[PDB]
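Each chain is listed here by its residues.
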2 protein chains.
Amino acid sequence: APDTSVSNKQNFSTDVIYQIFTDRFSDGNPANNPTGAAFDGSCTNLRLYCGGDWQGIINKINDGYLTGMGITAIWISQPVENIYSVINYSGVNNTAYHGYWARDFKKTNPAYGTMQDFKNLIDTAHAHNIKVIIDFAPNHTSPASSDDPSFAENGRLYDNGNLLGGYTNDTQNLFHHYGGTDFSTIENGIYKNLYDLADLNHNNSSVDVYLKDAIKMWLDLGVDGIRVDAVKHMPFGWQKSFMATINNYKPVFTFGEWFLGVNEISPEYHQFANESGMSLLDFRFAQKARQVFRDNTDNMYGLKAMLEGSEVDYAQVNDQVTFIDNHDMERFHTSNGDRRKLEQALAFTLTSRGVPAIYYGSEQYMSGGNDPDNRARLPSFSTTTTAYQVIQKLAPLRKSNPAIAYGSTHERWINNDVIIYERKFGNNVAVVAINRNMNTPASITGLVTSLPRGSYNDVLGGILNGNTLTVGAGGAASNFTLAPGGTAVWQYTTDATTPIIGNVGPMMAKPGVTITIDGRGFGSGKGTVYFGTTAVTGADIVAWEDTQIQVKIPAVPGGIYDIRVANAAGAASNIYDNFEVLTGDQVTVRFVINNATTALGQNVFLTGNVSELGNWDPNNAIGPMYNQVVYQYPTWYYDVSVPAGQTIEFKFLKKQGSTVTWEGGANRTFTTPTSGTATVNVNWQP
Amino acid sequence: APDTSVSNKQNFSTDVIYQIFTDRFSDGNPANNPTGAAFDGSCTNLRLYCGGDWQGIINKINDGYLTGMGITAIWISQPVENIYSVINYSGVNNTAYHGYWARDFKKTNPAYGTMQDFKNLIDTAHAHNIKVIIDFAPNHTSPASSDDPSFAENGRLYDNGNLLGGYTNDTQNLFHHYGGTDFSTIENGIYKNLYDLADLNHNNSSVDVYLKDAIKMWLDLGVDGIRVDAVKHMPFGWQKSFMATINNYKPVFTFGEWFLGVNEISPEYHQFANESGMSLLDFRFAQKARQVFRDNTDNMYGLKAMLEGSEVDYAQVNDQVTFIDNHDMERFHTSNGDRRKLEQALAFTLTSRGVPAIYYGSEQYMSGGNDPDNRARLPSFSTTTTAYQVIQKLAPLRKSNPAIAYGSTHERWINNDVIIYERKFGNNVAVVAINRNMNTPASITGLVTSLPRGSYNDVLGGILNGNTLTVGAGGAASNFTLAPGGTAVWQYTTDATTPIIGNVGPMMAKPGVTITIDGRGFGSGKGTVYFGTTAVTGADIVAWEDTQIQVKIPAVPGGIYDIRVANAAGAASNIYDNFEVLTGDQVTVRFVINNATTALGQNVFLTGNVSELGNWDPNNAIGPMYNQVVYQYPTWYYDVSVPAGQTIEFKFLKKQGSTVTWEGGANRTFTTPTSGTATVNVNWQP
Ligand SMILES: OC[C@H]1NC[C@H](O)[C@@H](O)[C@@H]1O
Ligand SMILES: OC[C@H]1NC[C@H](O)[C@@H](O)[C@@H]1O
Ligand SMILES: OC[C@H]1NC[C@H](O)[C@@H](O)[C@@H]1O
Ligand SMILES: OC[C@H]1NC[C@H](O)[C@@H](O)[C@@H]1O
Ligand SMILES: [Ca+2]
Ligand SMILES: [Ca+2]
Ligand SMILES: [Ca+2]
Ligand SMILES: [Ca+2]
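Residues numbered from 1 in each chain as written, not as in the entry; some residues may be left out. Chains lettered and ligands numbered in written order. Heavy atoms only, no water.

- Structure determination for this PDB entry is given in the record as X-ray crystallography, at a resolution of 2.0 Å.

See below:
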């Protein structure tokens, strides 16, 4: 099937995501509305249920509101049954309208709909070529107090109606009981509770298996993507075994939320995007885009530096989900802010690298502060706003122009207020020019592009005051004045003769899994896929066509491989690196080491004989291990994804700067479980 | 030996070449000076001999003039015996002072020195770590008139004293007798005479073998590089067999001259750089640098487009020889024009990609128009000009900082008069800021670089009004004013932990030849070199150290290969592409096809079964063939380098866009000569 197909659940760069708070979009079925204290039909108390549901989204796909805008994927609230309690927090009543307070991950939230309503939403979305992404929040169940078991539903977890347990009297340790986080360390934020939310214990085998069975059920119902809540707050080794469960079963595009503030660049955030098996909401993009287009706290050089820097720091930049606002920030459009600012920031996001997400109601110029005020019901379904038309004109280019979906980003002209950038993929080109200054025109002289000679018409049709671009010989444009607030997009597409890989999904899986390689120029006849120097041909290539190849991962040793395609004529593609072949299915094992005393800046790590443990390489060792909450120094601990059902060999080490101190003695051995978790508890061998 | 060693004859990106017109630099031996009418000791008449010789160049290496400037390679006038005639062109007397009128390619020009002086020059240069490049001009001998055999020496060619023949009564057909070129087409400029120079006929086996024995003789005398004259004027297929003779024998850096005018971008020029086996004087760079820093006929946006476009169009941009003026251009500095223009442009060239060449006397601010006025005797040997000091501070960086020798070029800040670019190779960084505006300071706000946080001294120590750069977190530099005319260079080096290939030489040779791979991070232990998927290890790697590997080309089929290095730990490098493995030694064969009538825009091409003939691929066929001068339409002809001593199969095809029309019949076979040339004259087969 081609790369742009709705059946491509693995890669979303050709898509535009519309993020819906299900309760706040459309009430298509009033019979499923919560009653009494839990419901507010006027939606003026934004902490209560207003009535929006899966039938309302079906109705808006059907009548052309969503499809008219060019949307090709929707991201909805977590679908699972939530608690029914109305919680009073300091006067204000609060309900689970947002879908984040789960009680049963195997059932639906009936305010949103039934299992049949969910099936009908999947089938309507697919019939209209829209992919469906669901939130999934495996970190916690709901607000709970173990001291007061009558508060809310005491964080209770059920498995298809069957009670597994609550927070009070948790004799099975389904939950963490360490108090609440103060967010001081990443360790602190993982094992302590977020606010009053009952923290699930993923080291408990019943919790691990339950959540893995639950995600497979939603994959069996046809979902096409997953957005994981609070990835900063769950053990990264458990989330890698969770991603291996998805990828080795039915791989679908998965991304998480790790919040970053203005000007925060975090190593851990970039490591997580690069090594977890999921991508991230691109807060680095979003925060700089709001500084340049909204708050004017940075200029075009800051935007350029973010695009140039992120291209390097994210191993797969085409998988990162970009946005200009969402449920965790003030709405981009403000009361006293010019609407052209929103329109430009949307045109920039839709033409930039990554997978663009638009927060519902952006096209209706909704304004509002932070939660709950950024989640008002959307006030209108007018299809004639400039913002609606901006998305309607640009969002189809992700499907039709491979340069927009996959290309490189090249700054061609810049000054403090103007950027002109080019996206390029093979011979496909798009050029975007943005003047954020609203009172001064920009004189553009000396613009060179990769466009062939011609008079290119602005894809926006002059609605954001764009103009035609005349390109002569050598891609040189004739000079022009870009209007105050001007935004224009120019493009050229052709068929590629060289194979070029634009995206690969999934990025981590065991031998025998089919991955999806998307791009252009592969040709019609089956050629060769290289995983390192290993060639895969014939029957192992499950499908081959010019924009997409599906191929089985060869039985190569676990490790990181470069992927390369050669078409039937032997012409080879660019290399798409950082593919992780797993040793096999994964389980999370907690490694605990006692009596590992360290100096200042010296930390304990783990390594061993499988790729999952760094293959005995100190530079790739697992850690630094943790040593504050579940166990305290000099005992260190860490939850690590490792191959299931096999005897691994390992050793601990201390590292400080360039010095590695290994444990002495014989190498340690451990036979991992086939599913569930296990704990290894040992003592430092000098 | 390391990449920066004087013994690395294959790659010159760590060098700075100083171009010397031997007669116009230093007369170190007055006893070898031409006498009488051929000589002007005062060098007032710039068309006569002034006395400069190889002993004068030895004296300027030994007294510290050249070594003090940081020069690491000299490029001198053609060393071979020239005609002795004083030619009178319309009253003006003229001699071979420039070395371009050869009469014997196997002897030295006596005015420059004996064989002994040449060997002493090689040894003195090498002892002082200077490489030696010679001109070689195999397109012609000298001014000749077949009608008047008494004019000049009638272009006579000798072979070590034995007359091979002259232009009048050329019964052996050593020369072309088609008249002079009008430069209307490439074909016209190849087979007709340049002005009155007796054009050699490379399809004559005596000429072919003589010129290849002559070059081999000079490689045996120890020369380190060859600059070939008039590459646009010899058959490209003969030039490729000549380059293969060099590269399969004693590979040295070879580059040619193909003139480009202002704003001229030629596809044939780039195709020759990429496919001939030699690189080129980078006229594209030179013309744009002059437009921006000398003439003001373009601004920094055009310089940016030149850097960014040349990156892509040259398959190996690190091998192109850059410059701002030379023997075929008016001097960059004008009579009492602003010296800071020259000083900024030299700084620009010394810190940019490729191999920089400085024309002698640039450090003495010599001015003058076109030939012979740009070749005056240099007027001073002062070592205290600002220009001498600029070369001295920046030239060593090509040896010490691999980002300047090999790195990418990245514009980081720009406006009409200011460019700030960054060179990067691994984590080595150099950042250059240039304000060409001589009256307006520039406030640089928003500069982001790859430099670590800290303060950086301008490497030029303020001599071109540069300043200290303070870099904070994120590579963001503090706001500073770049003075009018300000140029500053800031850098950071640190050792490469992983393999990075910066250059490969030669780029075209047969199996068994040793090639030189230069870069950083290869480590001291032998690793693996890949030519495609063919791993080469052990005894086939002739030498391996951290900055340089020498390895023998494996016995793979002829074709274009990617080269990649993996150090002993298995970390792999970037891919260096476009390496051509030849099928074997090369001979040039003339292919002639008669009765090949074509339509509007339909042309004849040759293809065949060796890689040299495109391997039957019509998109890789040799052509379009020629049909004007040696043979006339509908007879087409072409001189093609093919493997020597074997039976090749071939066919002709006609192409008009995408329609390929083949000859009928069984494929033609020919057994190529082992040495010399051959002609295949054949009839179109329907
Ligand atoms: O704090 C990050 C994450 N924690 C849990 C909250 O329920 C969720 O909405 C939030 O986005
Ligand atoms: O000597 C202890 C430690 N040293 C280095 C070896 O690679 C590793 O296998 C061993 O466990
Ligand atoms: O083609 C330019 C070139 N032509 C050939 C001439 O010999 C040389 O003097 C001149 O520089
Ligand atoms: O297709 C015509 C020509 N092409 C290439 C084939 O190898 C040769 O055998 C054939 O005659
Ligand atoms: Ca409802
Ligand atoms: Ca947690
Ligand atoms: Ca002399
Ligand atoms: Ca010629």
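Thoughts on the sheet that holds strand 27 (residues 514-520) of chain B
Residue and element names in this part refer to chain B.
Then, number 1: Spatially, four strands are ordered 25-27-31-30 in an open sheet, and the strand pairing comes out antiparallel. Since the sheet does not close on itself, it has two edges, and those belong to strand 25 (500-505) and strand 30 (541-545), each with one partner. Neighbour-to-neighbour, the strand axes of the sheet open up by a mean angle of 20 degrees, direction not taken into account.
Then, number 2: As defined by bridge partners, strand 27 adjoins strand 31 (residues 548-552) across five bridges and the pair is classed as antiparallel. (Pairing = 2+ DSSP bridges. Helix = DSSP H or I, 4+ residues; strand = E, 2+ residues; numbered from the N terminus. Axes fitted to C-alpha atoms, helices over the stretch in contact; angles between N-to-C directions.)

As for the site of ligand 2
Residue and element names in this part refer to chain A.
Then, number 1: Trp616, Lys651, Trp662 and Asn667 make up every residue found near ligand 2.
Then, number 2: Relative to its unbound accessible surface of 300 Å², ligand 2 loses 51% to contact with the protein.
Then, number 3: Its residues assigned to classes, the shell around ligand 2 shows two nonpolar, one polar and one charged. (Near = heavy atom within 4 Å. Areas by Shrake-Rupley, 256 points an atom, 1.4 Å probe, with all protein chains shown as cover. Nonpolar A, V, L, I, M, F, W, Y, C, P; charged D, E, K, R; others polar.)

A short note on the pattern of salt bridges
Then, number 1: Applying the stated rule across the entire model yields 61 salt bridges over all chains.
Then, number 2: Of the charged contacts in the structure, one is a salt bridge between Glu580 of chain A and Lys240 of chain A, with a shortest N-O distance of 2.9 Å. Of this pair, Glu580 of chain A sits in strand 33 (residues 576-581) while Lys240 of chain A sits in helix 6 (residues 236-249), and the two are 340 residues apart along the sequence. Of the two residues, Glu580 of chain A and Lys240 of chain A, neither departs from the other in class, the shared state being buried.
Then, number 3: For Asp585 of chain B, the salt bridge goes to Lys510 of chain B, with nearest N and O atoms at 2.9 Å. Of this pair, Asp585 of chain B sits in the loop between strand 33 (576-581) and strand 34 (586-594) while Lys510 of chain B sits in the loop between strand 26 (508-509) and strand 27, placing them 75 residues apart in sequence.
Then, number 4: With relative accessibility at 22%, the residue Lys510 of chain B sits in the partly exposed group.
Then, number 5: One connected set of salt bridges, linked through shared partners, spans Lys304, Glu308 and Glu411 of chain A together with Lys304, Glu308 and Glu411 of chain B. (Salt bridge = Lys/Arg side-chain N within 4 Å of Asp/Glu carboxyl O. Buried < 20%, exposed > 50% of the residue type's maximum accessible area, 1.4 Å probe, protein only.)

Some remarks on the site of ligand 3
Residues and elements named next belong to chain B.
Then, number 1: Taken together, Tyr100, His140, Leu194, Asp229, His233 and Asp328 make up all the residues around ligand 3.
Then, number 2: At 3.2 Å, a side-chain N or O of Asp328 approaches an oxygen atom of ligand 3.
Then, number 3: Expressed as a share of its isolated accessible area of 310 Å², the protein-covered part of ligand 3 is 75%.
Then, number 4: Among the residues making up the shell around ligand 3, the classes are represented as two nonpolar, two polar and two charged. (Polar contact = N/O pair within 3.5 Å; in protein donor to acceptor, adjacent residues only side chain to side chain.)

A few points about the coordination of the calcium ion (ligand 5)
Residue and element names in this part refer to chain A.
Then, number 1: At 2.1 to 2.6 Å from the calcium ion (ligand 5) lie its protein donor atoms, namely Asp27 (OD), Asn29 (O), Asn32 (OD1), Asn33 (OD1), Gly51 (O) and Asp53 (OD).
Then, number 2: Considering all six donor atoms around the calcium ion (ligand 5), the spread of angles at the metal, 69 to 161 degrees, places the coordination shape in the irregular class.
Then, number 3: Considered as a linear motif, the donors of the calcium ion (ligand 5) on their single chain read D-x1-N-x2-N-N-x17-G-x1-D. (Donors = N, O, S within 2.8 Å, 3.2 Å for Na, K, Ca; no water. Tetrahedral: all angles 85-135°; square planar, octahedral: opposite > 155°, others 65-115°.)

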